[PDB]
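data25.pdb (PDB, C-alpha atoms (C1' of nucleotides) and all ligand atoms) appears below.
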```
ATOM      1  CA  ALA D  13      49.146  25.508-159.918  1.00  0.00           C
ATOM      2  CA  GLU D  14      51.878  24.672-162.469  1.00  0.00           C
ATOM      3  CA  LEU D  15      54.003  27.807-161.848  1.00  0.00           C
ATOM      4  CA  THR D  16      56.881  27.490-159.360  1.00  0.00           C
ATOM      5  CA  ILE D  17      56.629  29.320-156.001  1.00  0.00           C
ATOM      6  CA  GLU D  18      60.338  30.235-155.834  1.00  0.00           C
ATOM      7  CA  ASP D  19      61.280  26.572-156.487  1.00  0.00           C
ATOM      8  CA  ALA D  20      64.068  27.343-159.001  1.00  0.00           C
ATOM      9  CA  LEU D  21      66.499  28.197-156.166  1.00  0.00           C
ATOM     10  CA  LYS D  22      65.937  25.102-154.017  1.00  0.00           C
ATOM     11  CA  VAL D  23      66.517  22.871-157.043  1.00  0.00           C
ATOM     12  CA  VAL D  24      69.752  24.721-157.819  1.00  0.00           C
ATOM     13  CA  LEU D  25      70.908  24.275-154.229  1.00  0.00           C
ATOM     14  CA  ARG D  26      70.137  20.553-154.405  1.00  0.00           C
ATOM     15  CA  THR D  27      72.113  20.260-157.633  1.00  0.00           C
ATOM     16  CA  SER D  28      75.059  22.053-156.042  1.00  0.00           C
ATOM     17  CA  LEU D  29      74.925  19.696-153.061  1.00  0.00           C
ATOM     18  CA  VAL D  30      74.896  16.699-155.392  1.00  0.00           C
ATOM     19  CA  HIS D  31      77.931  17.962-157.381  1.00  0.00           C
ATOM     20  CA  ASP D  32      79.696  19.413-154.273  1.00  0.00           C
ATOM     21  CA  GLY D  33      79.686  23.158-154.981  1.00  0.00           C
ATOM     22  CA  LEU D  34      77.994  24.666-151.914  1.00  0.00           C
ATOM     23  CA  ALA D  35      79.562  27.276-149.646  1.00  0.00           C
ATOM     24  CA  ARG D  36      77.245  26.656-146.678  1.00  0.00           C
ATOM     25  CA  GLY D  37      78.050  28.595-143.503  1.00  0.00           C
ATOM     26  CA  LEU D  38      79.030  32.233-143.335  1.00  0.00           C
ATOM     27  CA  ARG D  39      82.804  32.404-143.634  1.00  0.00           C
ATOM     28  CA  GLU D  40      82.735  30.011-146.585  1.00  0.00           C
ATOM     29  CA  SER D  41      80.071  32.122-148.283  1.00  0.00           C
ATOM     30  CA  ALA D  42      82.158  35.251-147.749  1.00  0.00           C
ATOM     31  CA  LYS D  43      85.195  33.524-149.245  1.00  0.00           C
ATOM     32  CA  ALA D  44      83.155  32.465-152.265  1.00  0.00           C
ATOM     33  CA  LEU D  45      81.914  36.019-152.735  1.00  0.00           C
ATOM     34  CA  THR D  46      85.476  37.326-152.559  1.00  0.00           C
ATOM     35  CA  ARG D  47      86.929  35.059-155.330  1.00  0.00           C
ATOM     36  CA  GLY D  48      85.918  33.456-158.668  1.00  0.00           C
ATOM     37  CA  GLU D  49      83.621  30.934-156.983  1.00  0.00           C
ATOM     38  CA  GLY D  50      80.516  32.474-155.360  1.00  0.00           C
ATOM     39  CA  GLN D  51      77.961  32.910-158.172  1.00  0.00           C
ATOM     40  CA  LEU D  52      74.563  32.908-156.352  1.00  0.00           C
ATOM     41  CA  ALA D  53      73.990  34.260-152.802  1.00  0.00           C
ATOM     42  CA  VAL D  54      71.498  32.894-150.246  1.00  0.00           C
ATOM     43  CA  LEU D  55      70.988  34.892-146.981  1.00  0.00           C
ATOM     44  CA  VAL D  56      68.641  34.144-144.048  1.00  0.00           C
ATOM     45  CA  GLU D  57      65.670  36.468-143.381  1.00  0.00           C
ATOM     46  CA  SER D  58      65.008  35.708-139.701  1.00  0.00           C
ATOM     47  CA  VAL D  59      68.430  36.727-138.345  1.00  0.00           C
ATOM     48  CA  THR D  60      68.884  37.716-134.689  1.00  0.00           C
ATOM     49  CA  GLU D  61      70.787  41.037-134.304  1.00  0.00           C
ATOM     50  CA  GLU D  62      70.493  41.578-138.138  1.00  0.00           C
ATOM     51  CA  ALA D  63      74.297  41.323-138.395  1.00  0.00           C
ATOM     52  CA  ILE D  64      74.907  38.237-140.525  1.00  0.00           C
ATOM     53  CA  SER D  65      72.329  39.427-143.054  1.00  0.00           C
ATOM     54  CA  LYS D  66      73.995  42.841-143.200  1.00  0.00           C
ATOM     55  CA  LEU D  67      77.378  41.195-143.773  1.00  0.00           C
ATOM     56  CA  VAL D  68      75.926  39.097-146.581  1.00  0.00           C
ATOM     57  CA  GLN D  69      74.431  42.208-148.184  1.00  0.00           C
ATOM     58  CA  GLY D  70      77.791  43.967-147.972  1.00  0.00           C
ATOM     59  CA  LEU D  71      79.501  40.995-149.595  1.00  0.00           C
ATOM     60  CA  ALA D  72      76.937  40.997-152.398  1.00  0.00           C
ATOM     61  CA  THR D  73      77.496  44.704-152.965  1.00  0.00           C
ATOM     62  CA  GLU D  74      81.330  44.532-152.940  1.00  0.00           C
ATOM     63  CA  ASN D  75      81.706  43.527-156.629  1.00  0.00           C
ATOM     64  CA  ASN D  76      78.776  41.612-158.204  1.00  0.00           C
ATOM     65  CA  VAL D  77      75.307  41.268-156.606  1.00  0.00           C
ATOM     66  CA  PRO D  78      74.042  37.635-156.597  1.00  0.00           C
ATOM     67  CA  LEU D  79      71.511  37.841-153.718  1.00  0.00           C
ATOM     68  CA  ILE D  80      67.986  36.536-153.056  1.00  0.00           C
ATOM     69  CA  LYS D  81      65.309  36.532-150.275  1.00  0.00           C
ATOM     70  CA  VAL D  82      65.390  32.929-148.903  1.00  0.00           C
ATOM     71  CA  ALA D  83      62.416  31.297-147.129  1.00  0.00           C
ATOM     72  CA  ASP D  84      63.513  30.955-143.459  1.00  0.00           C
ATOM     73  CA  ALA D  85      66.692  28.841-144.156  1.00  0.00           C
ATOM     74  CA  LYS D  86      65.472  25.726-142.353  1.00  0.00           C
ATOM     75  CA  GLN D  87      63.246  24.845-145.304  1.00  0.00           C
ATOM     76  CA  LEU D  88      66.175  25.276-147.689  1.00  0.00           C
ATOM     77  CA  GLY D  89      68.322  23.018-145.517  1.00  0.00           C
ATOM     78  CA  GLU D  90      65.593  20.379-145.488  1.00  0.00           C
ATOM     79  CA  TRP D  91      65.315  20.556-149.267  1.00  0.00           C
ATOM     80  CA  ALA D  92      69.080  20.145-149.601  1.00  0.00           C
ATOM     81  CA  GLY D  93      69.211  17.152-147.233  1.00  0.00           C
ATOM     82  CA  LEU D  94      70.673  17.939-143.794  1.00  0.00           C
ATOM     83  CA  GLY D  95      70.539  14.476-142.189  1.00  0.00           C
ATOM     84  CA  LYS D  96      71.710  10.904-142.860  1.00  0.00           C
ATOM     85  CA  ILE D  97      69.141   8.272-143.985  1.00  0.00           C
ATOM     86  CA  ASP D  98      66.198   9.717-141.959  1.00  0.00           C
ATOM     87  CA  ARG D  99      64.033   6.546-142.059  1.00  0.00           C
ATOM     88  CA  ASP D 100      62.322   5.678-145.409  1.00  0.00           C
ATOM     89  CA  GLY D 101      60.856   9.115-146.254  1.00  0.00           C
ATOM     90  CA  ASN D 102      61.038  12.612-144.703  1.00  0.00           C
ATOM     91  CA  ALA D 103      61.692  12.476-140.885  1.00  0.00           C
ATOM     92  CA  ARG D 104      64.912  14.544-141.042  1.00  0.00           C
ATOM     93  CA  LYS D 105      66.075  16.280-137.853  1.00  0.00           C
ATOM     94  CA  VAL D 106      65.496  20.000-138.494  1.00  0.00           C
ATOM     95  CA  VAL D 107      68.568  22.242-138.967  1.00  0.00           C
ATOM     96  CA  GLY D 108      68.867  25.945-139.814  1.00  0.00           C
ATOM     97  CA  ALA D 109      70.903  26.115-143.039  1.00  0.00           C
ATOM     98  CA  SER D 110      72.284  29.622-142.250  1.00  0.00           C
ATOM     99  CA  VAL D 111      74.052  31.578-145.061  1.00  0.00           C
ATOM    100  CA  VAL D 112      74.619  29.683-148.339  1.00  0.00           C
ATOM    101  CA  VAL D 113      76.524  30.607-151.538  1.00  0.00           C
ATOM    102  CA  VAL D 114      76.544  28.615-154.800  1.00  0.00           C
ATOM    103  CA  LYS D 115      79.636  27.444-156.687  1.00  0.00           C
ATOM    104  CA  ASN D 116      79.781  25.448-159.959  1.00  0.00           C
ATOM    105  CA  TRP D 117      75.980  25.225-160.681  1.00  0.00           C
ATOM    106  CA  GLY D 118      76.438  22.093-162.845  1.00  0.00           C
ATOM    107  CA  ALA D 119      72.978  21.932-164.414  1.00  0.00           C
ATOM    108  CA  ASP D 120      72.310  24.439-167.232  1.00  0.00           C
ATOM    109  CA  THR D 121      69.266  26.529-168.317  1.00  0.00           C
ATOM    110  CA  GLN D 122      65.737  25.801-166.887  1.00  0.00           C
ATOM    111  CA  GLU D 123      63.780  28.232-164.638  1.00  0.00           C
ATOM    112  CA  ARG D 124      66.571  29.083-162.199  1.00  0.00           C
ATOM    113  CA  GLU D 125      68.390  31.056-164.882  1.00  0.00           C
ATOM    114  CA  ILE D 126      65.200  32.957-165.704  1.00  0.00           C
ATOM    115  CA  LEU D 127      64.695  33.770-162.028  1.00  0.00           C
ATOM    116  CA  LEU D 128      68.269  35.026-161.770  1.00  0.00           C
ATOM    117  CA  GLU D 129      67.760  37.219-164.830  1.00  0.00           C
ATOM    118  CA  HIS D 130      64.585  38.652-163.336  1.00  0.00           C
ATOM    119  CA  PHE D 131      66.383  39.408-160.086  1.00  0.00           C
ATOM    120  CA  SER D 132      69.179  41.145-161.985  1.00  0.00           C
ATOM    121  CA  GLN D 133      67.683  43.337-164.716  1.00  0.00           C
ATOM    122  CA  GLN D 134      65.744  46.314-163.292  1.00  0.00           C
TER     123      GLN D 134
ATOM    124  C1'   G N   1     118.976 -67.321-122.475  1.00  0.00           C
ATOM    125  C1'   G N   2     119.191 -65.408-128.060  1.00  0.00           C
ATOM    126  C1'   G N   3     119.942 -61.232-131.213  1.00  0.00           C
ATOM    127  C1'   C N   4     121.504 -56.400-133.173  1.00  0.00           C
ATOM    128  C1'   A N   5     124.693 -51.284-133.458  1.00  0.00           C
ATOM    129  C1'   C N   6     131.836 -47.688-134.518  1.00  0.00           C
ATOM    130  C1'   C N   7     124.806 -42.655-131.828  1.00  0.00           C
ATOM    131  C1'   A N   8     128.139 -50.226-128.619  1.00  0.00           C
ATOM    132  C1'   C N   9     132.976 -52.271-127.773  1.00  0.00           C
ATOM    133  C1'   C N  10     137.131 -54.544-129.623  1.00  0.00           C
ATOM    134  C1'   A N  11     142.096 -53.598-133.458  1.00  0.00           C
ATOM    135  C1'   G N  12     143.459 -48.876-134.690  1.00  0.00           C
ATOM    136  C1'   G N  13     143.113 -43.656-136.341  1.00  0.00           C
ATOM    137  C1'   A N  14     141.380 -38.498-135.486  1.00  0.00           C
ATOM    138  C1'   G N  15     140.483 -36.500-131.485  1.00  0.00           C
ATOM    139  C1'   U N  16     137.730 -33.410-127.448  1.00  0.00           C
ATOM    140  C1'   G N  17     138.650 -32.680-122.129  1.00  0.00           C
ATOM    141  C1'   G N  18     144.407 -28.938-120.829  1.00  0.00           C
ATOM    142  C1'   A N  19     146.410 -23.925-123.405  1.00  0.00           C
ATOM    143  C1'   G N  20     144.698 -18.941-125.763  1.00  0.00           C
ATOM    144  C1'   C N  21     140.641 -17.271-128.506  1.00  0.00           C
ATOM    145  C1'   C N  22     135.799 -17.549-130.618  1.00  0.00           C
ATOM    146  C1'   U N  23     131.018 -18.502-129.767  1.00  0.00           C
ATOM    147  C1'   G N  24     126.285 -21.200-126.936  1.00  0.00           C
ATOM    148  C1'   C N  25     124.418 -22.074-122.237  1.00  0.00           C
ATOM    149  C1'   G N  26     124.400 -21.312-116.983  1.00  0.00           C
ATOM    150  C1'   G N  27     125.706 -18.413-112.477  1.00  0.00           C
ATOM    151  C1'   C N  28     126.326 -13.638-110.919  1.00  0.00           C
ATOM    152  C1'   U N  29     125.624  -8.529-112.581  1.00  0.00           C
ATOM    153  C1'   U N  30     122.371  -5.059-114.542  1.00  0.00           C
ATOM    154  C1'   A N  31     117.077   0.350-115.169  1.00  0.00           C
ATOM    155  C1'   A N  32     117.263  -3.756-119.217  1.00  0.00           C
ATOM    156  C1'   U N  33     121.489  -7.030-119.691  1.00  0.00           C
ATOM    157  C1'   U N  34     113.630 -10.012-124.220  1.00  0.00           C
ATOM    158  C1'   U N  35     112.376 -14.653-124.613  1.00  0.00           C
ATOM    159  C1'   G N  36     111.841 -20.236-126.134  1.00  0.00           C
ATOM    160  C1'   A N  37     114.413 -25.124-125.086  1.00  0.00           C
ATOM    161  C1'   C N  38     118.172 -28.814-120.537  1.00  0.00           C
ATOM    162  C1'   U N  39     120.034 -37.157-120.749  1.00  0.00           C
ATOM    163  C1'   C N  40     120.446 -39.169-125.544  1.00  0.00           C
ATOM    164  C1'   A N  41     115.944 -36.330-128.457  1.00  0.00           C
ATOM    165  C1'   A N  42     118.595 -28.323-124.529  1.00  0.00           C
ATOM    166  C1'   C N  43     123.774 -25.961-124.788  1.00  0.00           C
ATOM    167  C1'   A N  44     127.237 -22.470-133.701  1.00  0.00           C
ATOM    168  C1'   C N  45     119.597 -24.324-131.772  1.00  0.00           C
ATOM    169  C1'   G N  46     115.373 -20.911-132.784  1.00  0.00           C
ATOM    170  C1'   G N  47     118.387 -20.724-140.050  1.00  0.00           C
ATOM    171  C1'   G N  48     119.489 -16.577-133.401  1.00  0.00           C
ATOM    172  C1'   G N  49     126.823 -13.915-137.250  1.00  0.00           C
ATOM    173  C1'   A N  50     121.528  -8.520-132.301  1.00  0.00           C
ATOM    174  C1'   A N  51     125.485  -1.921-134.031  1.00  0.00           C
ATOM    175  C1'   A N  52     119.441   0.815-134.857  1.00  0.00           C
ATOM    176  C1'   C N  53     115.602  -1.883-137.619  1.00  0.00           C
ATOM    177  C1'   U N  54     115.267  -6.858-136.198  1.00  0.00           C
ATOM    178  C1'   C N  55     112.733  -6.601-130.819  1.00  0.00           C
ATOM    179  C1'   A N  56     109.644  -9.057-127.910  1.00  0.00           C
ATOM    180  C1'   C N  57     113.443  -5.879-122.545  1.00  0.00           C
ATOM    181  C1'   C N  58     114.505  -1.178-119.897  1.00  0.00           C
ATOM    182  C1'   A N  59     114.507   4.575-119.520  1.00  0.00           C
ATOM    183  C1'   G N  60     111.941   7.914-121.973  1.00  0.00           C
ATOM    184  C1'   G N  61     108.766  10.200-125.336  1.00  0.00           C
ATOM    185  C1'   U N  62     104.940   9.946-130.139  1.00  0.00           C
ATOM    186  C1'   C N  63     100.469   7.670-132.606  1.00  0.00           C
ATOM    187  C1'   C N  64      95.477   5.725-133.179  1.00  0.00           C
ATOM    188  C1'   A N  65      95.652   2.113-136.654  1.00  0.00           C
ATOM    189  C1'   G N  66      88.762   3.151-130.471  1.00  0.00           C
ATOM    190  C1'   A N  67      85.770  -1.135-137.108  1.00  0.00           C
ATOM    191  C1'   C N  68      80.615  -0.612-136.319  1.00  0.00           C
ATOM    192  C1'   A N  69      75.622   0.897-132.953  1.00  0.00           C
ATOM    193  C1'   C N  70      73.319   4.717-130.273  1.00  0.00           C
ATOM    194  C1'   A N  71      72.884   9.919-128.065  1.00  0.00           C
ATOM    195  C1'   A N  72      75.779  15.028-125.968  1.00  0.00           C
ATOM    196  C1'   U N  73      77.762  19.388-128.525  1.00  0.00           C
ATOM    197  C1'   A N  74      75.602  19.740-134.563  1.00  0.00           C
ATOM    198  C1'   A N  75      78.442  25.522-137.865  1.00  0.00           C
ATOM    199  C1'   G N  76      76.572  31.519-132.138  1.00  0.00           C
ATOM    200  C1'   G N  77      82.017  25.317-135.138  1.00  0.00           C
ATOM    201  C1'   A N  78      82.461  18.814-134.378  1.00  0.00           C
ATOM    202  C1'   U N  79      87.052  18.712-134.564  1.00  0.00           C
ATOM    203  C1'   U N  80      91.441  18.926-138.390  1.00  0.00           C
ATOM    204  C1'   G N  81      95.528  22.059-139.243  1.00  0.00           C
TER     205        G N  81
HETATM  206 MG    MG C   1     119.356 -41.606-130.731  1.00  0.00          MG
HETATM  207 MG    MG C   2     125.248 -14.570-129.295  1.00  0.00          MG
HETATM  208 MG    MG C   3     126.855 -27.901-134.959  1.00  0.00          MG
HETATM  209 MG    MG C   4     126.468  -7.476-136.080  1.00  0.00          MG
END
```
Take the structure in the file and give it back as structure tokens.
Amino acid sequence: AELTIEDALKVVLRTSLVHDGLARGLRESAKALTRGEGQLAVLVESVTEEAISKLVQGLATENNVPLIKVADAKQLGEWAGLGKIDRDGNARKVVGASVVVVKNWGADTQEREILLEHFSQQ
RNA sequence: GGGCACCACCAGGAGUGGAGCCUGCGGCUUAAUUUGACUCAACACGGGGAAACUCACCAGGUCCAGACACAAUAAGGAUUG
């Protein structure tokens, strides 16, 4: 299986982390959405009380929609790298990443862009 | 017994010790009147003539500048403002 299984969002996130352009957490994400900063939106599916998700949706709506599904949040966090050192390989203490919004991007083109386009044009 | 030296004395000078005042050091005083050093070899010495700084003392307040290791919160905020 050569085709990516929604692995042109995770990569983007990683890139952002590397270059320091991630609005992780909710307030930060909201802020990003509000001004010329928040370009891609990343909201958790499994949200208790549905409230955070709703908020995120609202934010997305407000001017320009940059949203996507997200696979449980924890996975995303893991991919990003939430934990120092963590032995030789893997073995990171699990953390729920919560709401994330992308600033900067950094890396250009590749499959992420395509995915974004697909999400957009309907 | 024999040497040597105006930090010994002679022969002399200038003196200090008195006077007032500076400044050191005691003693007392004081929250605290920071401390070191008392024969020459402590006492205008600490290059020490302190207005704060210096600064060590006292009365009061501020600050972490608690490197690093390992867990409790680990974003429904750690703590920073
Ligand atoms: Mg002598
Ligand atoms: Mg004096
Ligand atoms: Mg003298
Ligand atoms: Mg003076």
task: For chain D, report every residue with an atom at most 12 Å from chain N (counting only C-alpha atoms (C1' of nucleotides)), formatted as a PyMOL selection string.
output: chain D and resi 35-40+59-61+63-64+94-95+105-112
- prompt: Within 10 Å of ligand MG 2 (chain C), counting all atoms listed in the file, which protein or nucleic acid residues do you find, written as a VMD selection string?
  reply: chain N and resid 23 to 24 44 48 to 50
task: Measure the distance from atom CA of residue 88 of chain D to atom CA of residue 117 of chain D in Å and round it to one decimal.
output: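 Atom-to-atom, atom CA of residue 88 of chain D to atom CA of residue 117 of chain D, that is 16.3 Å.
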- request: Evaluate the PyMOL selection byres (((chain D and resi 13-20) around 8) and not hetatm) here and jot the selected residues down as number ranges by chain.
  value: D: 21-24, 123-124, 127
- request: Decode the PyMOL selection byres (((chain D and resi 76) around 10) and not hetatm) for the given file into explicit residues and return them as a PyMOL selection string.
  value: chain D and resi 45-46+50-52+71-75+77-79
- prompt: In Å to one decimal, how far is atom CA of residue 26 of chain D from atom CA of residue 90 of chain D?
  reply: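 Between atom CA of residue 90 of chain D and atom CA of residue 26 of chain D the gap is 10.0 Å.
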message: Could you tell me how far atom CA of residue 56 of chain D sits from atom CA of residue 102 of chain D, in Å to one decimal place?
response: 22.8 Å
- request: Check which residues fall inside 7 Å of ligand MG 1 (chain C) when counting only C-alpha atoms (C1' of nucleotides) and all ligand atoms, and print them as a VMD selection string.
  value: chain N and resid 7 40 to 41
